[PDB]
>>> print(open('upload-v1.pdb').read())   # PDB, C-alpha atoms
ATOM      1  CA  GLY A   1      12.214  -9.640 -30.393  1.00  0.00           C
ATOM      2  CA  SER A   2      11.306  -6.118 -29.302  1.00  0.00           C
ATOM      3  CA  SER A   3      14.123  -3.624 -28.747  1.00  0.00           C
ATOM      4  CA  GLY A   4      14.715  -1.461 -25.691  1.00  0.00           C
ATOM      5  CA  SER A   5      13.706  -3.227 -22.485  1.00  0.00           C
ATOM      6  CA  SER A   6      10.873  -5.295 -21.015  1.00  0.00           C
ATOM      7  CA  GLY A   7      10.488  -4.975 -17.256  1.00  0.00           C
ATOM      8  CA  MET A   8      11.109  -2.727 -14.261  1.00  0.00           C
ATOM      9  CA  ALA A   9      12.158  -3.485 -10.684  1.00  0.00           C
ATOM     10  CA  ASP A  10      11.316   0.029  -9.496  1.00  0.00           C
ATOM     11  CA  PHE A  11       7.583   0.455 -10.091  1.00  0.00           C
ATOM     12  CA  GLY A  12       6.234  -0.106 -13.589  1.00  0.00           C
ATOM     13  CA  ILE A  13       3.960   2.779 -14.549  1.00  0.00           C
ATOM     14  CA  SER A  14       2.958   4.167 -17.946  1.00  0.00           C
ATOM     15  CA  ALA A  15       1.572   7.498 -19.148  1.00  0.00           C
ATOM     16  CA  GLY A  16      -2.216   7.612 -19.020  1.00  0.00           C
ATOM     17  CA  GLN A  17      -2.970   5.811 -15.765  1.00  0.00           C
ATOM     18  CA  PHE A  18      -3.645   7.575 -12.463  1.00  0.00           C
ATOM     19  CA  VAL A  19      -1.436   7.000  -9.422  1.00  0.00           C
ATOM     20  CA  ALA A  20      -2.366   7.559  -5.777  1.00  0.00           C
ATOM     21  CA  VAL A  21      -0.364   7.732  -2.547  1.00  0.00           C
ATOM     22  CA  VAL A  22      -2.058   7.096   0.798  1.00  0.00           C
ATOM     23  CA  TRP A  23      -0.369   8.393   3.950  1.00  0.00           C
ATOM     24  CA  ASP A  24      -1.009   8.301   7.699  1.00  0.00           C
ATOM     25  CA  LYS A  25      -0.584  10.711  10.610  1.00  0.00           C
ATOM     26  CA  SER A  26       3.092   9.883  11.126  1.00  0.00           C
ATOM     27  CA  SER A  27       4.938  10.021   7.804  1.00  0.00           C
ATOM     28  CA  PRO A  28       7.167  13.139   7.460  1.00  0.00           C
ATOM     29  CA  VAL A  29       6.516  15.938   4.972  1.00  0.00           C
ATOM     30  CA  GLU A  30       9.913  16.179   3.277  1.00  0.00           C
ATOM     31  CA  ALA A  31       9.964  12.561   2.098  1.00  0.00           C
ATOM     32  CA  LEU A  32       6.465  13.078   0.700  1.00  0.00           C
ATOM     33  CA  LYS A  33       7.589  16.186  -1.186  1.00  0.00           C
ATOM     34  CA  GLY A  34      10.043  14.102  -3.191  1.00  0.00           C
ATOM     35  CA  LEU A  35       7.972  10.923  -3.347  1.00  0.00           C
ATOM     36  CA  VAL A  36       5.574  12.764  -5.654  1.00  0.00           C
ATOM     37  CA  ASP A  37       8.332  14.110  -7.901  1.00  0.00           C
ATOM     38  CA  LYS A  38       9.445  10.536  -8.574  1.00  0.00           C
ATOM     39  CA  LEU A  39       5.974   9.438  -9.679  1.00  0.00           C
ATOM     40  CA  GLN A  40       5.281  12.715 -11.479  1.00  0.00           C
ATOM     41  CA  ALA A  41       8.173  11.948 -13.825  1.00  0.00           C
ATOM     42  CA  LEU A  42       6.578   8.633 -14.790  1.00  0.00           C
ATOM     43  CA  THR A  43       3.070  10.018 -15.283  1.00  0.00           C
ATOM     44  CA  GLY A  44       4.247  13.317 -16.733  1.00  0.00           C
ATOM     45  CA  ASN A  45       1.273  15.226 -18.117  1.00  0.00           C
ATOM     46  CA  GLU A  46      -0.973  12.332 -19.144  1.00  0.00           C
ATOM     47  CA  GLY A  47      -1.019  10.813 -15.671  1.00  0.00           C
ATOM     48  CA  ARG A  48      -1.563  12.463 -12.296  1.00  0.00           C
ATOM     49  CA  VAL A  49      -0.548  11.780  -8.696  1.00  0.00           C
ATOM     50  CA  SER A  50      -3.383  12.154  -6.187  1.00  0.00           C
ATOM     51  CA  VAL A  51      -2.527  11.866  -2.493  1.00  0.00           C
ATOM     52  CA  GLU A  52      -5.260  10.660  -0.139  1.00  0.00           C
ATOM     53  CA  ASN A  53      -5.621   9.820   3.554  1.00  0.00           C
ATOM     54  CA  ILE A  54      -6.170   6.315   4.926  1.00  0.00           C
ATOM     55  CA  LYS A  55      -8.471   7.744   7.599  1.00  0.00           C
ATOM     56  CA  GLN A  56     -10.406   9.854   5.093  1.00  0.00           C
ATOM     57  CA  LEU A  57     -10.552   7.083   2.486  1.00  0.00           C
ATOM     58  CA  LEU A  58     -13.177   5.421   4.685  1.00  0.00           C
ATOM     59  CA  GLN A  59     -15.245   8.586   5.105  1.00  0.00           C
ATOM     60  CA  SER A  60     -14.872   9.566   1.448  1.00  0.00           C
ATOM     61  CA  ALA A  61     -14.892   6.410  -0.675  1.00  0.00           C
ATOM     62  CA  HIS A  62     -13.942   6.914  -4.324  1.00  0.00           C
ATOM     63  CA  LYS A  63     -15.674   5.435  -7.371  1.00  0.00           C
ATOM     64  CA  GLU A  64     -14.943   1.972  -8.761  1.00  0.00           C
ATOM     65  CA  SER A  65     -12.019   1.488 -11.145  1.00  0.00           C
ATOM     66  CA  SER A  66     -11.126   5.164 -10.752  1.00  0.00           C
ATOM     67  CA  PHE A  67      -7.419   4.529 -10.189  1.00  0.00           C
ATOM     68  CA  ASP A  68      -4.906   2.078 -11.655  1.00  0.00           C
ATOM     69  CA  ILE A  69      -2.002   1.882  -9.204  1.00  0.00           C
ATOM     70  CA  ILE A  70      -2.534   3.179  -5.668  1.00  0.00           C
ATOM     71  CA  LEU A  71       0.465   3.151  -3.329  1.00  0.00           C
ATOM     72  CA  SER A  72      -0.539   2.132   0.196  1.00  0.00           C
ATOM     73  CA  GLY A  73       2.011   2.373   2.990  1.00  0.00           C
ATOM     74  CA  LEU A  74       5.064   3.247   0.910  1.00  0.00           C
ATOM     75  CA  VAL A  75       6.207   6.485   2.545  1.00  0.00           C
ATOM     76  CA  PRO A  76       9.532   6.866   4.438  1.00  0.00           C
ATOM     77  CA  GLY A  77       9.243   6.880   8.219  1.00  0.00           C
ATOM     78  CA  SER A  78       5.740   5.424   8.359  1.00  0.00           C
ATOM     79  CA  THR A  79       4.458   2.469  10.383  1.00  0.00           C
ATOM     80  CA  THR A  80       0.721   1.763  10.323  1.00  0.00           C
ATOM     81  CA  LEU A  81      -1.350  -1.423  10.463  1.00  0.00           C
ATOM     82  CA  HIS A  82      -3.903  -2.267   7.773  1.00  0.00           C
ATOM     83  CA  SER A  83      -7.278  -3.939   8.306  1.00  0.00           C
ATOM     84  CA  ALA A  84      -9.738  -5.817   6.093  1.00  0.00           C
ATOM     85  CA  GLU A  85     -11.685  -2.571   5.718  1.00  0.00           C
ATOM     86  CA  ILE A  86      -8.633  -0.796   4.303  1.00  0.00           C
ATOM     87  CA  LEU A  87      -7.308  -3.595   2.092  1.00  0.00           C
ATOM     88  CA  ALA A  88     -10.865  -4.106   0.846  1.00  0.00           C
ATOM     89  CA  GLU A  89     -11.313  -0.409   0.071  1.00  0.00           C
ATOM     90  CA  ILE A  90      -8.050  -0.125  -1.864  1.00  0.00           C
ATOM     91  CA  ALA A  91      -9.153  -3.068  -4.006  1.00  0.00           C
ATOM     92  CA  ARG A  92     -12.375  -1.281  -4.947  1.00  0.00           C
ATOM     93  CA  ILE A  93     -10.588   1.874  -6.094  1.00  0.00           C
ATOM     94  CA  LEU A  94      -8.069  -0.156  -8.094  1.00  0.00           C
ATOM     95  CA  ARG A  95      -8.954  -1.182 -11.650  1.00  0.00           C
ATOM     96  CA  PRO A  96      -9.841  -4.782 -12.655  1.00  0.00           C
ATOM     97  CA  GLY A  97      -6.789  -4.990 -14.894  1.00  0.00           C
ATOM     98  CA  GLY A  98      -4.142  -3.096 -12.963  1.00  0.00           C
ATOM     99  CA  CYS A  99      -1.683  -3.643 -10.124  1.00  0.00           C
ATOM    100  CA  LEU A 100      -1.404  -3.023  -6.380  1.00  0.00           C
ATOM    101  CA  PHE A 101       1.557  -2.160  -4.156  1.00  0.00           C
ATOM    102  CA  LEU A 102       1.553  -2.522  -0.369  1.00  0.00           C
ATOM    103  CA  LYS A 103       4.295  -2.760   2.256  1.00  0.00           C
ATOM    104  CA  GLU A 104       3.446  -3.908   5.782  1.00  0.00           C
ATOM    105  CA  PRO A 105       5.823  -4.987   8.601  1.00  0.00           C
ATOM    106  CA  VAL A 106       5.888  -8.485  10.093  1.00  0.00           C
ATOM    107  CA  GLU A 107       6.616  -9.641  13.642  1.00  0.00           C
ATOM    108  CA  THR A 108       8.072 -13.025  14.588  1.00  0.00           C
ATOM    109  CA  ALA A 109       9.180 -12.531  18.192  1.00  0.00           C
ATOM    110  CA  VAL A 110       7.916 -14.630  21.100  1.00  0.00           C
ATOM    111  CA  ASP A 111       5.838 -12.340  23.314  1.00  0.00           C
ATOM    112  CA  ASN A 112       2.937 -12.535  25.767  1.00  0.00           C
ATOM    113  CA  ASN A 113       0.773 -10.136  23.755  1.00  0.00           C
ATOM    114  CA  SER A 114       0.437 -10.285  19.968  1.00  0.00           C
ATOM    115  CA  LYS A 115      -0.668  -7.380  17.774  1.00  0.00           C
ATOM    116  CA  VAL A 116       1.072  -7.560  14.397  1.00  0.00           C
ATOM    117  CA  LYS A 117       0.094 -10.349  12.002  1.00  0.00           C
ATOM    118  CA  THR A 118       2.520 -12.869  10.506  1.00  0.00           C
ATOM    119  CA  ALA A 119       4.140 -12.914   7.067  1.00  0.00           C
ATOM    120  CA  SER A 120       1.866 -15.689   5.803  1.00  0.00           C
ATOM    121  CA  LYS A 121      -1.292 -13.935   6.996  1.00  0.00           C
ATOM    122  CA  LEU A 122      -0.002 -10.654   5.566  1.00  0.00           C
ATOM    123  CA  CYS A 123      -0.036 -12.192   2.086  1.00  0.00           C
ATOM    124  CA  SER A 124      -3.285 -14.119   2.534  1.00  0.00           C
ATOM    125  CA  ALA A 125      -4.928 -10.919   3.779  1.00  0.00           C
ATOM    126  CA  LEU A 126      -4.805  -9.492   0.255  1.00  0.00           C
ATOM    127  CA  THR A 127      -5.781 -12.809  -1.327  1.00  0.00           C
ATOM    128  CA  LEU A 128      -8.915 -12.948   0.826  1.00  0.00           C
ATOM    129  CA  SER A 129      -9.637  -9.217   0.667  1.00  0.00           C
ATOM    130  CA  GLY A 130     -10.217  -9.469  -3.070  1.00  0.00           C
ATOM    131  CA  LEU A 131      -6.982  -9.986  -4.987  1.00  0.00           C
ATOM    132  CA  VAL A 132      -5.340 -12.728  -7.048  1.00  0.00           C
ATOM    133  CA  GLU A 133      -1.767 -13.853  -7.711  1.00  0.00           C
ATOM    134  CA  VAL A 134      -0.797 -12.372  -4.345  1.00  0.00           C
ATOM    135  CA  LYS A 135       2.806 -13.266  -3.517  1.00  0.00           C
ATOM    136  CA  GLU A 136       5.731 -11.689  -1.663  1.00  0.00           C
ATOM    137  CA  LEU A 137       8.046  -9.729  -3.957  1.00  0.00           C
ATOM    138  CA  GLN A 138      10.929  -8.603  -1.745  1.00  0.00           C
ATOM    139  CA  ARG A 139      11.849  -7.522   1.784  1.00  0.00           C
ATOM    140  CA  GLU A 140      14.038  -4.746   3.189  1.00  0.00           C
ATOM    141  CA  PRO A 141      15.421  -4.115   6.722  1.00  0.00           C
ATOM    142  CA  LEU A 142      14.068  -1.370   8.980  1.00  0.00           C
ATOM    143  CA  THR A 143      15.301   2.223   9.175  1.00  0.00           C
ATOM    144  CA  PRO A 144      16.663   4.139  12.214  1.00  0.00           C
ATOM    145  CA  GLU A 145      13.413   6.114  12.128  1.00  0.00           C
ATOM    146  CA  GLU A 146      10.961   3.253  11.608  1.00  0.00           C
ATOM    147  CA  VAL A 147      12.628   1.462  14.520  1.00  0.00           C
ATOM    148  CA  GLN A 148      11.940   4.399  16.838  1.00  0.00           C
ATOM    149  CA  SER A 149       8.630   5.405  15.259  1.00  0.00           C
ATOM    150  CA  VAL A 150       7.118   2.064  16.273  1.00  0.00           C
ATOM    151  CA  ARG A 151       7.970   2.979  19.869  1.00  0.00           C
ATOM    152  CA  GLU A 152       7.474   6.745  19.639  1.00  0.00           C
ATOM    153  CA  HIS A 153       3.929   6.979  18.276  1.00  0.00           C
ATOM    154  CA  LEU A 154       2.593   3.425  18.550  1.00  0.00           C
ATOM    155  CA  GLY A 155       4.771   2.456  21.501  1.00  0.00           C
ATOM    156  CA  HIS A 156       5.257  -1.290  21.121  1.00  0.00           C
ATOM    157  CA  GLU A 157       8.960  -1.514  21.978  1.00  0.00           C
ATOM    158  CA  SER A 158       9.432  -4.231  19.361  1.00  0.00           C
ATOM    159  CA  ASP A 159      13.078  -5.038  18.631  1.00  0.00           C
ATOM    160  CA  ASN A 160      12.540  -7.918  16.206  1.00  0.00           C
ATOM    161  CA  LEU A 161      10.795  -6.667  13.066  1.00  0.00           C
ATOM    162  CA  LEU A 162      10.978  -6.906   9.273  1.00  0.00           C
ATOM    163  CA  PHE A 163       9.339  -5.182   6.305  1.00  0.00           C
ATOM    164  CA  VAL A 164       7.728  -7.229   3.533  1.00  0.00           C
ATOM    165  CA  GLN A 165       6.258  -5.897   0.289  1.00  0.00           C
ATOM    166  CA  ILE A 166       3.446  -7.952  -1.239  1.00  0.00           C
ATOM    167  CA  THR A 167       1.663  -7.075  -4.484  1.00  0.00           C
ATOM    168  CA  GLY A 168      -1.911  -8.034  -5.302  1.00  0.00           C
ATOM    169  CA  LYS A 169      -3.846  -8.098  -8.568  1.00  0.00           C
ATOM    170  CA  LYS A 170      -7.591  -7.609  -9.018  1.00  0.00           C
ATOM    171  CA  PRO A 171      -9.671 -10.583 -10.291  1.00  0.00           C
ATOM    172  CA  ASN A 172     -12.690 -10.489 -12.601  1.00  0.00           C
ATOM    173  CA  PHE A 173     -15.673 -11.834 -10.660  1.00  0.00           C
ATOM    174  CA  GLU A 174     -18.094  -9.312  -9.162  1.00  0.00           C
ATOM    175  CA  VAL A 175     -21.348 -10.060 -10.985  1.00  0.00           C
ATOM    176  CA  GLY A 176     -23.842  -9.190  -8.267  1.00  0.00           C
ATOM    177  CA  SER A 177     -27.358  -8.035  -9.117  1.00  0.00           C
ATOM    178  CA  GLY A 178     -28.698  -5.114 -11.127  1.00  0.00           C
ATOM    179  CA  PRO A 179     -26.590  -3.969 -14.124  1.00  0.00           C
ATOM    180  CA  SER A 180     -25.420  -0.353 -14.268  1.00  0.00           C
ATOM    181  CA  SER A 181     -28.071   1.343 -16.404  1.00  0.00           C
ATOM    182  CA  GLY A 182     -28.594   5.083 -16.075  1.00  0.00           C
TER
END
>>> encode(input="upload-v1.pdb", output="structure tokens")
Amino acid sequence: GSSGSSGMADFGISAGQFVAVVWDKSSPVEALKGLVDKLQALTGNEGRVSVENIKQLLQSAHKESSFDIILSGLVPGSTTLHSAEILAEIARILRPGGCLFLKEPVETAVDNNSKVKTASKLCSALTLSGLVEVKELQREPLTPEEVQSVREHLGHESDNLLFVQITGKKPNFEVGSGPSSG
């Protein structure tokens, strides 16, 4: 029976690992200024918080297993859709024995034109992209900003919406061809 505490419903990061925060052309600047201070306290000096761009991540792909926990779509006042190319890229940067954190919205309103995926597909997207043990953790209502942002920038005019955070772990099966030998 270890003393202290075992668990964390806030994040779960230790000193030594590298944390990243991807943002899109929409998220404010103030919220981002404090979002780093929160993670900086967890990493301290051993760890480091590196902020990258979702649009640049494709043009400038990072090495494999370079990061441990990369936050994707977790910035206040930010509504962007993720594709297989993005979810697949984030999985490559993440380590084989780490954790992933993503938060994408879900639509369930009867309309003539569909754009946003469903809750089920949102979870399966990570399971098919290249993750294991993918399951919904929790969900939180929308904010006065996110509700208008979806209509301001994107312009969908969606009234019925809901945010759902789903985590995804990295498996251990990528034995292709040609071992790394320099």
>>> resolve_selection(input="upload-v1.pdb", expression="the PyMOL selection byres ((chain A and resi 110-115) around 10)", output="MDAnalysis selection string")
chainID A and resid 81 107:109 116:118 156 158 160
>>> resolve_selection(input="upload-v1.pdb", expression="the PyMOL selection byres ((chain A and resi 138) around 9)", output="ChimeraX atom specification")
/A:136-137,139-140,163-166
>>> resolve_selection(input="upload-v1.pdb", expression="the PyMOL selection byres ((chain A and resi 10) around 12)", output="list in words")
residues 7, 8, 9, 11, 12, 13, 38, 39, 42, 101, 137 and 138 of chain A
>>> closest_residue(input="upload-v1.pdb", among="A:103, A:84, A:46, A:3", to="residue 142 in chain A", atoms="all atoms listed in the file")
A:103
>>> atom_distance(input="upload-v1.pdb", atom1="CA of residue 74 in chain A", atom2="CA of residue 44 in chain A")
20.3 Å
>>> closest_residue(input="upload-v1.pdb", among="A:106, A:41, A:126, A:19", to="residue 79 in chain A", atoms="all atoms listed in the file")
A:106
>>> closest_residue(input="upload-v1.pdb", among="A:171, A:47, A:155, A:105", to="residue 132 in chain A", atoms="all atoms listed in the file")
A:171
>>> closest_residue(input="upload-v1.pdb", among="A:20, A:77, A:30, A:70", to="residue 145 in chain A", atoms="all atoms listed in the file")
A:77
>>> atom_distance(input="upload-v1.pdb", atom1="CA of residue 119 in chain A", atom2="CA of residue 161 in chain A")
10.9 Å
>>> residues_near_point(input="upload-v1.pdb", point="(-1.5, -3.0, -5.4)", cutoff="9 Å", atoms="only C-alpha atoms", output="list in words")
residues 68, 69, 70, 71, 72, 90, 91, 94, 98, 99, 100, 101, 102, 131, 166, 167, 168, 169 and 170 of chain A
>>> closest_atom_pairs(input="upload-v1.pdb", of="range 78-137 of chain A", to="range 48-61 of chain A", cutoff="12 Å", atoms="only C-alpha atoms", output="CSV")
residue,atom,partner,partner_atom,distance
A:80,CA,A:54,CA,9.9
A:81,CA,A:54,CA,10.7
A:82,CA,A:54,CA,9.3
A:83,CA,A:54,CA,10.9
A:84,CA,A:58,CA,11.8
A:85,CA,A:58,CA,8.2
A:86,CA,A:54,CA,7.6
A:87,CA,A:54,CA,10.4
A:88,CA,A:58,CA,10.5
A:89,CA,A:58,CA,7.7
A:90,CA,A:57,CA,8.8
A:91,CA,A:61,CA,11.6
A:92,CA,A:61,CA,9.2
A:93,CA,A:61,CA,8.3
>>> axis_aligned_box(input="upload-v1.pdb", around="range 68-77 of chain A", padding_each_side="5 Å", output="lines of an AutoDock Vina configuration file")
center_x = 2.3
center_y = 4.4
center_z = -1.7
size_x = 24.4
size_y = 15.0
size_z = 29.9
>>> atom_distance(input="upload-v1.pdb", atom1="CA of residue 133 in chain A", atom2="CA of residue 65 in chain A")
18.8 Å
>>> decode(input="upload-v1.pdb", residues="range 46-115 of chain A", atoms="C-alpha atoms", output="mmCIF file, in the first residue's frame")
data_model
loop_
_atom_site.group_PDB
_atom_site.id
_atom_site.type_symbol
_atom_site.label_atom_id
_atom_site.label_comp_id
_atom_site.auth_asym_id
_atom_site.auth_seq_id
_atom_site.Cartn_x
_atom_site.Cartn_y
_atom_site.Cartn_z
ATOM 1 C CA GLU A 46 12.997 18.302 -16.713
ATOM 2 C CA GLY A 47 10.094 18.487 -19.144
ATOM 3 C CA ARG A 48 9.292 21.090 -21.788
ATOM 4 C CA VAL A 49 6.164 22.406 -23.504
ATOM 5 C CA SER A 50 6.496 22.758 -27.277
ATOM 6 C CA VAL A 51 3.622 24.385 -29.163
ATOM 7 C CA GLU A 52 3.114 23.393 -32.799
ATOM 8 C CA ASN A 53 0.636 24.124 -35.592
ATOM 9 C CA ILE A 54 -1.813 21.588 -37.022
ATOM 10 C CA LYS A 55 -1.303 23.080 -40.485
ATOM 11 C CA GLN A 56 2.487 23.083 -40.148
ATOM 12 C CA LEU A 57 2.605 19.623 -38.563
ATOM 13 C CA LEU A 58 1.875 18.226 -42.027
ATOM 14 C CA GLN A 59 4.566 20.295 -43.743
ATOM 15 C CA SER A 60 7.092 19.701 -40.963
ATOM 16 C CA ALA A 61 6.634 16.171 -39.623
ATOM 17 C CA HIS A 62 8.559 15.391 -36.436
ATOM 18 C CA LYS A 63 10.572 12.252 -35.681
ATOM 19 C CA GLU A 64 9.068 9.045 -34.296
ATOM 20 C CA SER A 65 8.549 8.686 -30.545
ATOM 21 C CA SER A 66 9.834 12.232 -30.056
ATOM 22 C CA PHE A 67 7.007 13.273 -27.733
ATOM 23 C CA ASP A 68 5.084 11.516 -24.961
ATOM 24 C CA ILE A 69 1.828 13.430 -24.497
ATOM 25 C CA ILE A 70 0.727 15.811 -27.251
ATOM 26 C CA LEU A 71 -2.424 17.853 -26.637
ATOM 27 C CA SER A 72 -4.529 18.131 -29.793
ATOM 28 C CA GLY A 73 -7.545 20.427 -29.809
ATOM 29 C CA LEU A 74 -7.569 21.373 -26.133
ATOM 30 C CA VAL A 75 -7.418 25.169 -26.315
ATOM 31 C CA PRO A 76 -10.262 27.479 -25.148
ATOM 32 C CA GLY A 77 -12.361 28.982 -27.924
ATOM 33 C CA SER A 78 -11.233 26.572 -30.631
ATOM 34 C CA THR A 79 -13.347 24.507 -33.026
ATOM 35 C CA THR A 80 -11.549 22.552 -35.748
ATOM 36 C CA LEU A 81 -12.203 19.215 -37.451
ATOM 37 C CA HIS A 82 -9.581 16.460 -37.523
ATOM 38 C CA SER A 83 -8.882 14.081 -40.408
ATOM 39 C CA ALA A 84 -7.174 10.701 -40.764
ATOM 40 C CA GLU A 85 -4.029 12.545 -41.851
ATOM 41 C CA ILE A 86 -3.955 14.521 -38.601
ATOM 42 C CA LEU A 87 -4.939 11.734 -36.206
ATOM 43 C CA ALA A 88 -2.423 9.506 -37.985
ATOM 44 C CA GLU A 89 0.349 12.095 -37.687
ATOM 45 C CA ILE A 90 -0.211 12.686 -33.972
ATOM 46 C CA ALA A 91 0.083 8.936 -33.409
ATOM 47 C CA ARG A 92 3.495 8.869 -35.087
ATOM 48 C CA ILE A 93 4.901 11.653 -32.910
ATOM 49 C CA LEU A 94 3.529 10.023 -29.759
ATOM 50 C CA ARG A 95 5.609 7.350 -28.025
ATOM 51 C CA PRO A 96 4.731 3.611 -28.093
ATOM 52 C CA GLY A 97 4.204 3.589 -24.339
ATOM 53 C CA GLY A 98 2.567 6.932 -23.654
ATOM 54 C CA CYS A 99 -0.861 8.557 -23.790
ATOM 55 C CA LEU A 100 -2.930 10.754 -26.107
ATOM 56 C CA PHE A 101 -5.495 13.475 -25.419
ATOM 57 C CA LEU A 102 -7.970 14.770 -28.001
ATOM 58 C CA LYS A 103 -11.261 16.664 -27.775
ATOM 59 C CA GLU A 104 -13.527 16.893 -30.822
ATOM 60 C CA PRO A 105 -17.189 18.039 -31.019
ATOM 61 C CA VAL A 106 -20.060 15.780 -32.078
ATOM 62 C CA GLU A 107 -23.254 16.577 -33.984
ATOM 63 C CA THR A 108 -26.534 14.682 -33.648
ATOM 64 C CA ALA A 109 -29.066 17.013 -35.266
ATOM 65 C CA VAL A 110 -31.248 16.039 -38.225
ATOM 66 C CA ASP A 111 -30.114 18.134 -41.190
ATOM 67 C CA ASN A 112 -30.026 17.965 -44.989
ATOM 68 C CA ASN A 113 -26.242 18.336 -45.147
ATOM 69 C CA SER A 114 -23.854 16.492 -42.829
ATOM 70 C CA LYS A 115 -20.289 17.588 -42.072
#
